[PDB]
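Taking it in order: structure first as structure tokens, then the write-up.
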Amino acid sequence: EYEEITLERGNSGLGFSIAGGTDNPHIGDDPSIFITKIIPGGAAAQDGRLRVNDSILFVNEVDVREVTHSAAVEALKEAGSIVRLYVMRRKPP
């Protein structure tokens, strides 16, 4: 239903490449934020669990669904040492 993935800052930007939608469409389907690839170190190697192809719906206390990667890049940076991505586990047909 809900996969809240509480990560840290780690170092650098994040770790994984995220897909924009509302400003830079990385995926050709919807404006939601779909994670693409997990690069070693940064923040994603701190948990060691995050799944690729995961649609971020609530990074921190920031409403994510119809906002670009720039609203995810600010929501993960404003988080700081507490980057928690609400990736709703695939359910609607």
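Read in order, the letters of the sequence shown correspond to residues 1 to 93 in the entry's author numbering. Just so it is clear, CB atoms sit at the ideal spot from N, CA and C, and this is done for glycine as well.
Spell out the partners DSSP gives residue 32 in its beta bridges. Residue mapping note: residue 32 aligns to position 32 of the sequence shown, counting from 1. Answer is none; residue 32 lacks a bridge partner.
Give me whichever residues DSSP pairs with residue 83 in a beta bridge. As a working mapping, residue 83 is identified with position 83 in the sequence shown. Within the DSSP secondary-structure output, residue 83 pairs in a beta bridge with 7.
Limits of the unbroken alpha helix (DSSP H) element including residue 44: Position 44 of the sequence shown, counted from the first residue, corresponds to residue 44. Here the alpha helix (DSSP H) through residue 44 covers 44-47.
According to DSSP, residue 16 sits in a beta bridge with which residue or residues? Locating residue 16 in the sequence shown gives position 16, counting from the first residue. Listed as beta-bridge partners of residue 16 by DSSP are 38.
By the 10 Å Cβ neighbour count, where 16 or more other Cβ atoms means buried, how is residue 54 classified, buried or exposed? Position 54 of the sequence shown, counting from 1, holds the residue named residue 54. The residue in question, residue 54, is buried, as its Cβ has 16 or more Cβ neighbours within 10 Å.
Does the separation of the CB atoms of residue 50 and residue 76 fall below 9 angstroms? Within the sequence shown, residue 50 is the residue found at index 50, counting from 1. Within the sequence shown, residue 76 is the residue found at index 76, counting from 1. By the CB criterion at 9 angstroms, residue 50 and residue 76 fall outside the cutoff.
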